[PDB]
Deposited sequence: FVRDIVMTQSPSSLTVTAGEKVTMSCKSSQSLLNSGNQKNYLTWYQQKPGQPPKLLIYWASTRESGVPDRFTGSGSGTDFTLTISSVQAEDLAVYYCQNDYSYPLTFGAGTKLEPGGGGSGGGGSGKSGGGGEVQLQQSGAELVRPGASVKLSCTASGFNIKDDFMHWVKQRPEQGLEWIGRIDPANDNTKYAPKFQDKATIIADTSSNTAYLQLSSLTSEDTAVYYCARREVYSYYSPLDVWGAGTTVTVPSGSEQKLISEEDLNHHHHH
């Protein structure tokens, strides 16, 4: 029996006052270190309400282009931390750390701070328990045959859940254990679109589903481009 690798973030919530110094902790059940290239496969995401996760840092300490120096990713192997030397207003939001070492990719519960390349996703869905629905994701600025198309889930809670990913070139797919049955990811390079189908829907499926890409031409790259997401509502009843 092979685990999954748990990401434990703390504190979950933290009222903060401008200027203050915040320190978020992210621990993993298992090593995230690749002794081969001595890199720690840990990525940090910042998420403001109503929006999809924004890439903050990857490989534990490397800041994505555009993120202010006041943000610092540190840690190694199993203990990681994100620090904001002086919290700004536009800094609020929630923060998630992600295991990018081995499948299935898993996200932490995150730390909520209390006071043209893009992906087009299909419209919002309203479905009955037991039914199935197909979500779409079309790349508008690149060729999906050059990327791994991922599908991420997120219920009202906040926790991000990796569903799986597919290789449009060889149609190779990888699914998270718990979604191996409820989900099916398909790719149509012709239209440059990725699909995700959920079957036997329950209220447990009510959430926001995001699609994302990972370039495969670079030596390595995290999940940078995320669509706006499609809200799927499965009202329970009868």
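Participant: Hey, which stretches of the deposited sequence didn't make it into the model?
Facilitator: Unmodelled stretches, in sequence order: 116 to 132, 256 to 271.
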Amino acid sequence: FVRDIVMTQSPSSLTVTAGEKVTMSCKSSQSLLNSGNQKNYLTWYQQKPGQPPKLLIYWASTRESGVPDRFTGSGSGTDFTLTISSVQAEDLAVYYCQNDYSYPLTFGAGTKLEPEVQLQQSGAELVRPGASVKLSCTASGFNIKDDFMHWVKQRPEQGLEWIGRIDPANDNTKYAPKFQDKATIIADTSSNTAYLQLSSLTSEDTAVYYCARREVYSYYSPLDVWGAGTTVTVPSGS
From here on, numbers count along this sequence of modelled residues.
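Participant: Per the PDB record, is the mean Cα temperature factor higher over 34 to 42 or over 209 to 217?
Facilitator: Taking the mean C-alpha B-factor of 209 to 217 and of 34 to 42, the larger value falls to 209 to 217.
Participant: Identify the stretch, either 152 to 160 or 70 to 78, whose C-alpha atoms have the larger mean B-factor according to the entry.
Facilitator: Of 70 to 78 and 152 to 160, the stretch with the higher C-alpha B-factor average is 152 to 160.
Participant: Mind checking which third residue 128 falls in for C-alpha B-factor across the chain?
Facilitator: Within its chain, residue 128 is a middle-third residue by C-alpha B-factor, going by the deposited values.
Participant: Give the position of residue 198 by CA B-factor within its chain, expressed as the lowest, middle or highest third.
Facilitator: Middle third - that is where residue 198 ends up once the chain's C-alpha B-factors are sorted.
Participant: Please rank the C-alpha B-factors of the chain's modelled residues and tell me whether residue 57 sits in the lowest, middle or highest third.
Facilitator: Middle third - that is where residue 57 ends up once the chain's C-alpha B-factors are sorted.
Participant: Taking the C-alpha B-factors as the PDB entry records them, is residue 230 in the lowest, middle or highest third of its chain?
Facilitator: Its C-alpha B-factor, which the entry lists for residue 230, ranks in the lowest third among residues of this chain.
Participant: Should residue 104 be placed in the lowest, middle or highest third of its chain by the C-alpha B factor in the entry?
Facilitator: According to the entry, residue 104 has a C-alpha B-factor in the chain's lowest third.
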